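An overview of the molecular structure
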Amino acid sequence: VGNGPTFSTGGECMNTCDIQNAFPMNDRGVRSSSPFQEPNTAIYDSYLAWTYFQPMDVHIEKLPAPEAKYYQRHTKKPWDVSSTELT
Amino acid sequence: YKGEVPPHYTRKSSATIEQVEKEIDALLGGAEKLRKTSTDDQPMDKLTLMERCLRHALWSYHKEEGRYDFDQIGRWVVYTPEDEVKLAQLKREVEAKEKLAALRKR
Amino acid sequence: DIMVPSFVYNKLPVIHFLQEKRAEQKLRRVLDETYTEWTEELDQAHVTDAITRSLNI
Amino acid sequence: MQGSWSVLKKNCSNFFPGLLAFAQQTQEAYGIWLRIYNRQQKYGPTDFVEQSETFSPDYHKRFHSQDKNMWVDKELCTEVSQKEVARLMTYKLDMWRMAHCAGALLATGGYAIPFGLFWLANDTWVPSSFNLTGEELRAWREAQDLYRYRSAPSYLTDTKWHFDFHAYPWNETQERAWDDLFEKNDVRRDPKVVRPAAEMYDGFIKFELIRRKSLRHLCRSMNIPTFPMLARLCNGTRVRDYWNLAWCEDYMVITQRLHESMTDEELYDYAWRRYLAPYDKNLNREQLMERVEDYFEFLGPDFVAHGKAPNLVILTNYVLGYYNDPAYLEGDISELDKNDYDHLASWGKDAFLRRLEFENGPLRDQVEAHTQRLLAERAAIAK
Amino acid sequence: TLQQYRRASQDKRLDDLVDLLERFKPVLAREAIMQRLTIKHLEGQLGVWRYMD
Ligand SMILES: CCCCCCCCCCCCCCCCCC(=O)OC[C@H](COP(=O)([O-])OCC(O)COP(=O)([O-])OC[C@@H](COC(=O)CCCCCCCCCCCCCCCCC)OC(=O)CCCCCCCCCCCCCCCCC)OC(=O)CCCCCCCCCCCCCCCCC
Ligand SMILES: CCCCCCCCCCCCCCCCCC(=O)OC[C@H](COP(=O)([O-])OCC(O)COP(=O)([O-])OC[C@@H](COC(=O)CCCCCCCCCCCCCCCCC)OC(=O)CCCCCCCCCCCCCCCCC)OC(=O)CCCCCCCCCCCCCCCCC
Ligand SMILES: CCCCCCCCCCCCCCCCCC(=O)OC[C@H](COP(=O)([O-])OCC(O)COP(=O)([O-])OC[C@@H](COC(=O)CCCCCCCCCCCCCCCCC)OC(=O)CCCCCCCCCCCCCCCCC)OC(=O)CCCCCCCCCCCCCCCCC
Ligand SMILES: CCCCCCCCCCCCCCCCCC(=O)OC[C@H](COP(=O)([O-])OCC(O)COP(=O)([O-])OC[C@@H](COC(=O)CCCCCCCCCCCCCCCCC)OC(=O)CCCCCCCCCCCCCCCCC)OC(=O)CCCCCCCCCCCCCCCCC
Ligand SMILES: CCCCCCCCCCCCCCCCCC(=O)OC[C@H](COP(=O)([O-])OCC(O)COP(=O)([O-])OC[C@@H](COC(=O)CCCCCCCCCCCCCCCCC)OC(=O)CCCCCCCCCCCCCCCCC)OC(=O)CCCCCCCCCCCCCCCCC
Ligand SMILES: CCCCCCCCCCCCO[C@@H]1O[C@H](CO)[C@@H](O[C@H]2O[C@H](CO)[C@@H](O)[C@H](O)[C@H]2O)[C@H](O)[C@H]1O
């Protein structure tokens, strides 16, 4: 697996944060570090506790590609700048 | 008994029942791998909900039309004891009419 | 460059969670409004009785 | 909309004809307003005529009260027709923008000329009279719609966020109404479902308590100039006057069923002045009638019975919800097959990253078991 | 005769079914998009800008 970063956490533990319900909980009882479902989330205990997610090679049943009609919204405006372009 | 033939209604879109059924089958066929069965008392999934709604509407339309296929109607339309009783009453009536017609031809 | 981006990032998880629930709520309401509609049709026995009466029997 | 040279040429060519047309419209609109004002002063309620004072309960600041300082003249059809009211509303918008420009000119003398060049290069703040042909009018309406699109979402989000962060609905029906009020324009909102939100918000913020920032967003969405904003009771007065005229026309139309006999273009204009029908949507008569009927239904029976409209804040949110387009999404789904952090691949993994992968990887259970067993053995040895 | 009687209701039901299908398709599209986003997240190859887009 690669060395890339993941969804930022801010050094927070999601099992005790004020918005913990927004983070899914896995079988082991560790809330995810992101809105996504994570199977191998862990918690590390320094002076303060923090949640960590380790990327790994996992296969997920991929639903086939939908048509462009059902997910593309052509409401772009001259002032609009996408997050990729802003980055 | 019925009264007046209801007011006429103009369709907003044009499509055949066979085309609709084929489209439903195609829509539900791509998610078969993702679809997961579960206990009847457990919460349902999005695929299960979509399948139930689509099949319920389709088979209600079919039963209204006349395609009395009880095998699927008992699966995709029965959700109430009153519903089960109505199906049983309808199941008997159709068989009785068929037997009477055959006997009256013989 | 720094402050607003960080607070937008903080907002994403809760908004994503709430909008998922809202979508599930819409689907649930769609299912809840569905109810098998059984129709009632004139029993044929009355037709058979009117047929008999018309014969003057 | 951004400025362009073609629009600059258009407005420079039609500058003086536009001014002459504006003057003629000014005379006509003064006549119409004089009739309406005389009728209001003569037949209006005592509170409306005397301008009764309504103060906020926290800082005791006066603002217009929807119940007392707004009055629907049910018998205005005798003196003023529906078309005259529409003409007055359009002229009020044009006159507001012209007045701000004239004030800038008087304030800055001859130094406003380059700013005038910026002004004529955009159709956002020029009067409708500057367009002498259909295509020019269409472009002008497109600019107005673009400004509405730019401004409305901020107003809707301000209202929704402040309420949701500081309050919650009382009952399930109010919850459904509040949730369905702020749906995007790609879905049709049932006015009967959404109406209870008006009372729910009346409990929270009436029009008399509207904040200055929310007012600025609303006036931006209504194509009302906001600079100089000044006290909130100036643009608030503008909003009150505009919607009072709109409600008078709405009562006339509902009572006399004028919209059914109204032609296609006039119907589209009527919906547009209510912020219900953008021109870029290319709506047909069926859709326009559906939206207008939904607006009338949202007003409710009490509007005809007593001339009392629902809360103005919620009404503005409801109508401006038609300019809340779905968030844009462009690009084929295959773009999701790419990778974002390939530029980091050359860096590899350091010791800490390797440790994290080892402990939290597929072998995590074995490492946890070994570590816990070793720690238990060491603890036992220590004791 | 019965068919002629039960005709407007059938047409409305068919139109409603078509509308329901068109309503469900976007939901499945969003589900597929979320699946792909999750796949890239688990690999460590998903930026927040892409997710927001
Ligand atoms: C030469 C010296 C200059 C001094 C320096 C000036 C510096 C610039 C400041 C601004 C000056 C004004 C600019 C012109 C504005 C146009 C006229 C006007 O009032 O338009 C109506 C319009 C009314 O607005 P509204 O919100 O509807 O009013 C609510 C009322 O309830 C409305 O009442 P209603 O609902 O009952 O309806 C009535 C309506 C009904 O009428 C109609 O419907 C018909 C249309 C009537 C109005 C038409 C206006 C047309 C505007 C465009 C003109 C053409 C421009 C062409 C440009 C290109 C030229 C080539 O008729 C009205 O609009 C009447 C309003 C009241 C009259 C206001 C005028 C008072 C001043 C003039 C008298 C001065 C006498 C001096 C005596 C000296 C003694 C010693 O005015 C505006 O849009 C307001 C101006 C917007 C800019 C504000 C900028 C800040 C102002 C701060 C001023 C502070 C004091 C001054 C010192 C400043 C130091 C910092
Ligand atoms: C003939 C004509 C007919 C007759 C005349 C008729 C009357 C005409 C007048 C009335 C017209 C009204 C309508 C105007 C609309 C257009 C307004 C406008 O500007 O739109 C933006 C306009 C473009 O508009 P647009 O593209 O249509 O987009 C409009 C959208 O809707 C976007 O809209 P938005 O809403 O997003 O934009 C709004 C934006 C508008 O603002 C902007 O967009 C900013 C524009 C400037 C940006 C500059 C960027 C570039 C900087 C370059 C720096 C130098 C570079 C190096 C140069 C090297 C040269 C060798 O923000 C604001 O509104 C902020 C307002 C701030 C107000 C400030 C008030 C301060 C008060 C002070 C406190 C007082 C407290 C009380 C104290 C009391 C004490 C007693 O911007 C430009 O075109 C930029 C022009 C840049 C020019 C070049 C750079 C400056 C050159 C300076 C030369 C100096 C020479 C002398 C030097 C001497 C040295 C000794
Ligand atoms: C990275 C570095 C880059 C460079 C950075 C540069 C350095 C910046 C450092 C500091 C920056 C911050 C400073 C803040 C100061 C404090 C501000 C404050 O307290 O504001 C309170 C407050 C806040 O404003 P607001 O009304 O609540 O809303 C502001 C929003 O931005 C309204 O937004 P909105 O969305 O609601 O409305 C959008 C739209 C809505 O559209 C409309 O409303 C329609 C169009 C309206 C047109 C204007 C109508 C004006 C009517 C009359 C105004 C009253 C006149 C009073 C008497 C005249 C006094 C001179 O409005 C506009 O687009 C406005 C267009 C204005 C364009 C001009 C902007 C400034 C560009 C520079 C030009 C001047 C350069 C001079 C220096 C160089 C000389 C060589 O301001 C006021 O109450 C406004 C009073 C205005 C009085 C007139 C200006 C007084 C200042 C002296 C003017 C000197 C003129 C010199 C001429 C040339 C001589 C050679
Ligand atoms: C380049 C030019 C430079 C210009 C410089 C001058 C300053 C700027 C000029 C104007 C700028 C444009 C914008 C101004 C603010 C706009 C405010 C606004 O939106 O109002 C809307 C509002 C319209 O809304 P509305 O619904 O019709 O009525 C308001 C509601 O009632 C509202 O209902 P409410 O529930 O909110 O009711 C409350 C409301 C009730 O009030 C009102 O709304 C009524 C109108 C105001 C009445 C004020 C007079 C009160 C009685 C004064 C008695 C004095 C007796 C002294 C006797 C001395 C004997 C020796 O407010 C109050 O209660 C406030 C009362 C005022 C308290 C003043 C406290 C000052 C403390 C002093 C501390 C110490 C100072 C230093 C030491 C000094 C001594 C050594 O407008 C007004 O009501 C009138 C606006 C008047 C604007 C100012 C006109 C400026 C004329 C300038 C002439 C001189 C020029 C000099 C130039 C020099 C060379 C350059
Ligand atoms: C490049 C830089 C160059 C140099 C620059 C030099 C800068 C000098 C720094 C010092 C300036 C301090 C003042 C800053 C003002 C800005 C504050 C502000 O916008 O706060 C936002 C603030 C925050 O609002 P928010 O948080 O959104 O909502 C809160 C409330 O809900 C809001 O709800 P609301 O709106 O209903 O409630 C507010 C309203 C509620 O009340 C009403 O509605 C009733 C209105 C009553 C008006 C009473 C007027 C009385 C006048 C008596 C005159 C008698 C005649 C005498 C004639 C002979 C003598 C000349 O009351 C007022 O706000 C009006 C109070 C009285 C205004 C008096 C005129 C302005 C005086 C400015 C000079 C002060 C001394 C400066 C030196 C010392 C500095 C430490 O909003 C407001 O306050 C809105 C009104 C803003 C109007 C004031 C600005 C008008 C534009 C001035 C035009 C002249 C331009 C000259 C340019 C000079 C360049 C050199
Ligand atoms: C520089 C200043 C610029 C000002 C610009 C705006 C001017 C507006 C002028 C409007 C004039 C209206 O004219 C005025 O109307 C009112 C209201 O109908 C009339 O009012 C009359 O009927 C009313 C209503 O029954 C009575 O309460 C009142 O006692 C009586 O006078 C006045 O007799 C008339 O003079």
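Quick notes on the rules
Residues numbered from 1 in each chain as written, not as in the entry; some residues may be left out. Chains lettered and ligands numbered in written order. Part of a larger assembly, values for the part shown. Heavy atoms only, no water. Buried < 20%, exposed > 50% of the residue type's maximum accessible area, 1.4 Å probe, protein only. Helix = DSSP H or I, 4+ residues; strand = E, 2+ residues; numbered from the N terminus. Pairing = 2+ DSSP bridges. 1 Å grid on protein atoms, 1.4 Å probe; cavity = no way out; pocket = protein on both sides within 12 Å on 5 of 7 lines; lining within 4 Å. Points joined across faces, edges and corners; volume = space filled by probe spheres on them. Nonpolar A, V, L, I, M, F, W, Y, C, P; charged D, E, K, R; others polar. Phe/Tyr/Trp six-rings, centres within 6.5 Å; stacked < 30°, edge-to-face > 60°. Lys NZ or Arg CZ within 6 Å of the ring centre and 35° of its normal. Near = heavy atom within 4 Å. Polar contact = N/O pair within 3.5 Å; in protein donor to acceptor, adjacent residues only side chain to side chain. Areas by Shrake-Rupley, 256 points an atom, 1.4 Å probe, with all protein chains shown as cover. Salt bridge = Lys/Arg side-chain N within 4 Å of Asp/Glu carboxyl O. UniProt positions renumbered as here; feature names shortened; annotations may be inferred. Contact = heavy atoms within 4.5 Å. Buried area = accessible area lost by both parts, 1.4 Å probe. Core = buried A, V, L, I, M, F, W, Y, C linked by side-chain atoms within 4.5 Å. Axes fitted to C-alpha atoms, helices over the stretch in contact; angles between N-to-C directions. Parallel < 35°, antiparallel > 145°, perpendicular 65-115°, else oblique. Left-handed = near helix turned anticlockwise from the far one by under 90°.

**A closer look at helix α13 (residues 264-273) of chain D**
Where α13 of chain D is concerned, the buried positions are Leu-267, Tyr-268, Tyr-270, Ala-271, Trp-272 and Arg-273 of chain D. Where α13 of chain D terminates, the next one or two residues include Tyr-275 of chain D, which has phi positive at roughly 60°.

**Digging into the pairing of strand β1 (residues 41-45) of chain A**
Residue and element names in this part refer to chain A. When β1 meets strand β2 (residues 49-53), the two strands line up antiparallel, connected through five bridges. When the sheet's bridge partners are listed, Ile-43 is paired in β2 with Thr-51. In this antiparallel pair of consecutive strands, β1 and β2, the connection spans three residues.

**Describing empty space enclosed by the protein**
One pass over the structure, following the stated rule, counts two cavities of 30 Å³ or more. Of the volumes computed, that of the largest cavity is approximately 70 Å³. In terms of lining residues, the largest cavity is bounded by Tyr-155, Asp-158, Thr-159, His-162, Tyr-201, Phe-204, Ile-205, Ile-210, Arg-211, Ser-214 and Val-313 of chain D. Sort the elements by how many residues they give to the lining of the largest cavity and helix α6 (residues 134-166) of chain D lands first, with four residues. The residue inventory of the lining of the largest cavity, partitioned by class, reads six nonpolar, three polar and two charged. Of the pockets and cavities examined, the second largest cavity occupies roughly 40 Å³. Lining the second largest cavity are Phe-7 and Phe-36 of chain A together with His-41, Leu-46, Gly-47, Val-48 and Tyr-51 of chain E. Residue classes in the lining of the second largest cavity are distributed as five nonpolar, two polar and no charged.

**Some details on the packing of aromatic side chains**
Scanning all chains against the criterion turns up 38 aromatic pairs over all chains. Relative to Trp-50 of chain A, the ring of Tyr-44 of chain A lies with its centre 5.1 Å away and its plane at 15°, an arrangement referred to as stacked. With relative accessibility at 14%, the residue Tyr-44 of chain A sits in the buried group. A centroid spacing of 6.3 Å and a plane angle of 20° characterise the contact between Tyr-68 of chain B and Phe-70 of chain B, whose relative ring orientation is stacked. By the ring-pair criterion, three or more aromatic residues cluster together here, those being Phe-163, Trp-178, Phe-182, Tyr-201 and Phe-204 of chain D. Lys-63 of chain B extends its terminal NZ or CZ atom over the ring of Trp-38 of chain C, reaching a point 3.2 Å from the ring centre. Across from the ring centre of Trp-272 of chain D, 3.9 Å away, lies the NZ or CZ of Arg-148 of chain D, which sits over that ring.

**Here we look at the site of ligand 3**
Residues and elements named next belong to chain D. Surrounding ligand 3, one finds 14 residues, the nearest of these being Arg-216, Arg-220, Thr-226, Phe-227 and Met-229. One of the side-chain nitrogen or oxygen atoms of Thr-226 is found 2.8 Å away from an oxygen atom of ligand 3. For ligand 3, an oxygen atom lies 3.0 Å from a polar atom in the backbone of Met-229. The protein chains hide 31% of the 2200 Å² of surface that ligand 3 would expose on its own.

**Side note on the pattern of salt bridges**
For the coordinates displayed, the defined rule picks out 34 salt bridges over all chains. In this structure, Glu-183 of chain D and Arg-22 of chain C form a salt bridge, with 3.0 Å as the shortest nitrogen-oxygen distance. Here the residue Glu-183 of chain D occupies a position in the loop between α7 (172-181) and α8 (191-194), and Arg-22 of chain C occupies one in helix α1 (residues 3-32), the pair thus bridging two chains. Through salt bridges with shared partners, a single network forms among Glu-249, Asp-250, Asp-269, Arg-273 and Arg-274 of chain D.

**Focus on the UniProt feature "transmembrane region" (unreviewed entry) in chain D**
UniProt marks residues 98-121 of chain D with the feature "transmembrane region" (unreviewed entry), using the numbering shown here. Note that residues 98-121 of chain D is 79% helix and 0% strand, and that its end C-alpha atoms are spaced 15 Å apart.

**Structural notes on the interface of chain D and chain A**
How big an interface is tends to be expressed through the accessible area that disappears when the partners come together. Contact residues are listed per partner, giving 27 residues for chain D and 27 residues for chain A. At the boundary of chain D with chain A, total buried surface from both sides reaches about 2500 Å², with 57% on carbon and sulfur atoms. The salt bridge partner of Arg-28 of chain A is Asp-365 of chain D, with a shortest N-O separation of 3.0 Å. Listed by contribution, the elements that provide at least two residues to the side of chain D that touches chain A are α6, α17 (351-360) and α18 (364-382) of chain D. Per element, the largest residue contribution to the side of chain D that touches chain A is four residues, and it comes from α17 of chain D.

**So, the site of ligand 4**
Residues and elements named next belong to chain D. All residues in the neighbourhood of ligand 4 are listed as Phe-55, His-60, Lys-61, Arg-62, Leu-230, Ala-231, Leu-233 and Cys-234. A distance of 2.9 Å separates an oxygen atom of ligand 4 from a polar side-chain atom of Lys-61. At 3.1 Å from an oxygen atom of ligand 4 is found a main-chain nitrogen or oxygen belonging to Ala-231. Calculation on ligand 4 without its partners gives an accessible area of 2100 Å², and the protein chains cover 13% of this total. Its residues assigned to classes, the shell around ligand 4 comprises five nonpolar, one polar and two charged.

**Description of the nonpolar core**
The biggest cluster of nonpolar side chains holds 86 residues, and the ones touching the most others in it are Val-239, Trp-243 and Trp-247 of chain D. Top contributing element to this core by residue count: helix α11 (residues 232-256) of chain D, with 11 residues. With 23 residues, the next largest nonpolar core counts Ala-15, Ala-31, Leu-47 and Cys-53 of chain B among its residues.

**Quick word on the packing of α1 of chain C against helix α2 (residues 8-43) of chain E**
It is the contact of α1 of chain C with α2 of chain E, at a shortest axis distance of 13 Å, that shows an interaxial angle of 150°. When the interaxial angle is binned, α1 of chain C and α2 of chain E end up roughly antiparallel. Note that α1 of chain C runs across α2 of chain E; the crossing there is left-handed. On α2 of chain E, the residues that touch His-16, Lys-26, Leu-27 and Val-30 of chain C of α1 of chain C are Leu-20, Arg-23, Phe-24, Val-27 and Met-34 of chain E. Class assignment of the residues belonging to the contact of α1 of chain C with α2 of chain E gives a composition of six nonpolar, one polar and two charged.

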